Structures are given as structure tokens and as C-alpha cells.
């Protein structure tokens, strides 16, 4: 297992200096604390100079292991299940741009809120539309790998559990799509988290950690010990990525606390 830090960045639209500044500060932080990679999230990759980002990654010996896409939905309203097929097309086109960037870094592409919500429709129709969009994305890309992240009931009504995601994976039937499980979201939606992760097994491609209050791991009451024992049991050997609020004490303190908590869980395992 390896440790990664999610870095928050300003949208480059907007303030290209702030994006660059945020990225460098975040990557320098991750390196100093001991993280082996970083994870980023961008709304629209078309407005970022990724050649410069690659140079920074090389300078710091810090790979980018995953790219989040959620702001495409939250800011731009793009959804892979949008009832308007024009917007569904634009969503697919946006995510293809994320895969172009992911290809530069060997990064996973995260399918979170960009999948969209039921919007008054049946779960069945929403799921069908989603599977169609993912199959289009797989037809459109030769190398991209995607991870579906179940999210809690307040963020979406579509794919709330690991089981929800596993059902979809079986219908997509491609090893280029897997699961991203998140402990903050699982703390709400999963009955028995170790059992949920065993059911995922080989399909668990990426992992997000934050405590029960979404603070740095160690600062709530989530049982990480049981989770890491299970990760060892299923042979999980990819990234454990810290995606938490900058609490307690700000972005730097949170990243350091998180690292110390996770390192102790991992090394004694």
C-alpha cells in the first residue's frame, strides 16, 4: 500500500496563478510530510498547462495517482446521466479531456458526482443511462482507467454503496473500471465496512480516507484498524489517498496528522 494526499486547487479559469500556486504548495507539502503521490481535482482540464504540471511532478518525484472530475457537475452542471442528451454528450466530452490528462500521469479518472443524480427518475433508467455513458467512454479511450466512487445519500441518490457499484461493474464488464471506496461515505452508507470491502475484493482500485467528521484520519471515531486489517486480507496494494477537510488546524496540520495515523496502521500490518 502507498499513501497519497488530495490537494485542493483553485479553478484555473479564473486565476491561473492561484491554481499553479495552490498546486505547488500542495505538492511541496505532500513531499515534506512523506506522501508517495498526490491526487488532484479539476473542473475543466482544457484551461490548464499540463506540461508545466508534469515538470513539477518530475521535479518533486511525486506522481499524480488520480484525477477528480466532480466540479464538472457542481460548477458546470455536466452529468453522464443528464436527461438532456446534449448535456450527456458534453459530459462525456469533458471526461475524455480528463482522460487525456490522466494519460500523461498514468492516473486513475474518478467518476464521482459527474455521474449525476436520479432527478425524479427510476434507479433503473438512471443506471441504464450511466452504463451507456461508461461504455461510450471505454470505446473512446484506449488506456484510461476509471473508478466509480459510491457517495452518501446527501450528495447523490445514485450509487450510494459498494454493492451498487459492484452491480454496475458486472454490467459494464471491463477491467478498466473499478471502485473507489471512501471511509467518510462508507461510515454512513455501509452496514459492515470490512464485509463490503471483501465483496469488492480485486475491484477495489483506489481508496479515500477521512474520519467520521471528514477531518484528518485520527480526529473522529472511525474504526480504521478494522479497515486496514481487511485491506491486508484482500491484498490491497494500491493507493490510500487522504481526502479530508483541512481540520484540525489547517491544510498542513491535517495532512501531517493523517499521515501519522495511516503510517501507524500500515506498518503494524
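Residue numbers count along the first chain shown, from 1.
Just going by the entry, 211 to 219 versus 226 to 234 on mean CA temperature factor gives the higher value to 226 to 234. On average the C-alpha atoms of 192 to 200 have higher B-factors than those of the other stretch, with 192 to 200 and 161 to 169 being the two compared. If you compare the C-alpha temperature factors of 83, 120, 150, 116 in the entry, 120 comes out highest. Per the PDB entry, 57 shows the highest C-alpha temperature factor of the residues 36, 57, 241, 69. For residue 269, the recorded CA B-factor ranks within the highest third of the chain. Only modelled residues enter the ranking. Per the deposited record, the Cα B-factor of residue 1 falls in the highest third when ranked against the other modelled residues of its chain. Ranked against the other modelled residues of its chain, the C-alpha B-factor of residue 27 as given in the entry falls in the middle third. In the deposited entry, the Cα temperature factor of residue 78 sits in the middle third of values across the chain's modelled residues. Residue 12 sits in the highest third of its chain by CA B factor, as recorded in the PDB entry.
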